[PDB]
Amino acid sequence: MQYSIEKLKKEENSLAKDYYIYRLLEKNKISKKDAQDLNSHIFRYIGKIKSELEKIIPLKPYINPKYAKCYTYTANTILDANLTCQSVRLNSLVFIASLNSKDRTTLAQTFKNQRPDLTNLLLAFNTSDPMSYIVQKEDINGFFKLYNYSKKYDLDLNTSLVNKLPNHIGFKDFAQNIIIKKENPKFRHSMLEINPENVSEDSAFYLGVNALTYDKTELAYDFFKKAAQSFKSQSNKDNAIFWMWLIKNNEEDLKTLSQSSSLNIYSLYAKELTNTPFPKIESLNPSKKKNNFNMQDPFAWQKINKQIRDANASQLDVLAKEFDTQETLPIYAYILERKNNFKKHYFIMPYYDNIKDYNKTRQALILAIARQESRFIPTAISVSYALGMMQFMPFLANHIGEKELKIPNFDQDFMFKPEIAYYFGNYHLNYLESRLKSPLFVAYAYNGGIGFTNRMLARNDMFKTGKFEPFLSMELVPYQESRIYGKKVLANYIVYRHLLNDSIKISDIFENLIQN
């Protein structure tokens, strides 16, 4: 089914409407005329849909009309500009780097009283190492502007300077990136001297991972303990408490972790080590067959999803009842997950006839992936237009459907059919598992591609033998999305294996991750 640009224009703005506009663009069916009003019809104007629309109608915009005149000067004529224009242009470090040194000296004097930040950057670029100049001034705003301009600067930072960094908004991404990318070794080593009193949440956690890579186990414990105390989500606290346990072996930490209300790999592992029973999994069995809702209409899903997320505690109960049918089971579970404030564990198995003939280990992996990818919503669409319950990128979906399986009249929208999603997921999971084996590694490759996974596993510092392995390696997976995805999918997998009476010990999974 196709939609003309005219029909789409009548739908509400959503990712579904964006997806269908993008299908028109990629088929060259949007004329320069149709493209005129089109911006106000796009829900999320980022990435491919933007670069495609801008092939038809470029934008030069935007320069704020107040400062238009400021952008008529160059490095050769900036001394002719008024003081306001001079200071606007000096917001750009590339602009500052382009100036000649006599003009940087002149402008540094001009701005020393009113804008000593500008002065510091001007004089820093008069040296062969601007980062060293800025660090000597302990100019923290300047430091982050220089880092954003170029990641290549690296220098030792003293105790006073590093303890000032965590107060700046840029600190969190700075610390994450240099620790997981294993860049900027002098910055990295310097961050051993950050007082745990000065950091919290994710930043404290990454500084703990940092301390472990230098085998500073007491500092690491202090960082992870501050993370456990400050993190807002129970899942993240549990990850931090697990590290506290692994490092200092306090049995109260493991007891606290085994009694967590969050189901995650860390609380599951702690339950297993202490002979605690498996957590209770909800049982959803609606007797009603169906209602009026079309589970194959992507526009209906965008609409009802927005109602569910904005619904007060009251309106959730009305929706819960409406969607308490077998045909709408994924929507029911989605509503209940909100309605019970994310306290109960739901692990549904919808459209199960399509998988009941696979072995149970394969069933569990399919279901683990689908739960994480879509929550079993058949018409799910990601911001990069991954499609259906198993969130297939269109390129891969077309390769499998057209080239490999030669399906008659295949269209990428077949990914919205549960039978197609499960079938293709099985097919792709076979390719990955045959090469990768561990369900964790499969999960990383499913989310991030087999290329990145192969490169990570080729490194001699990832998933090898060690004191704190394989846990440390799971913290150092270089893409945040994939690092998180793997932990979540692995927990789902354990749960579904258990529900299918095909249990495995998560300790066996961890042992199989270490190659020799």
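Note that residue numbering begins at 1 and tracks the sequence as displayed.
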401 to 409 versus 113 to 121 - which carries the larger mean C-alpha B factor in the record: 401 to 409
Higher-B stretch (mean Cα B-factor, as the entry records it), 327 to 335 or 197 to 205: 327 to 335
Candidate residues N210, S260, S287, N239, the one whose C-alpha B factor the record puts highest: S287
Per the PDB entry, maximal CA B factor within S267, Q391, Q296, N184: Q296
Chain thirds of CA B-factor: placement of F463: middle
CA B-factor ranking of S507, expressed as a third of its chain: middle
Chain thirds of CA B-factor: placement of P58: highest
Entry-reported Cα temperature factor of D37, expressed as the chain third it lands in: highest
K29 by Cα B-factor - lowest, middle or highest third of the modelled chain: lowest
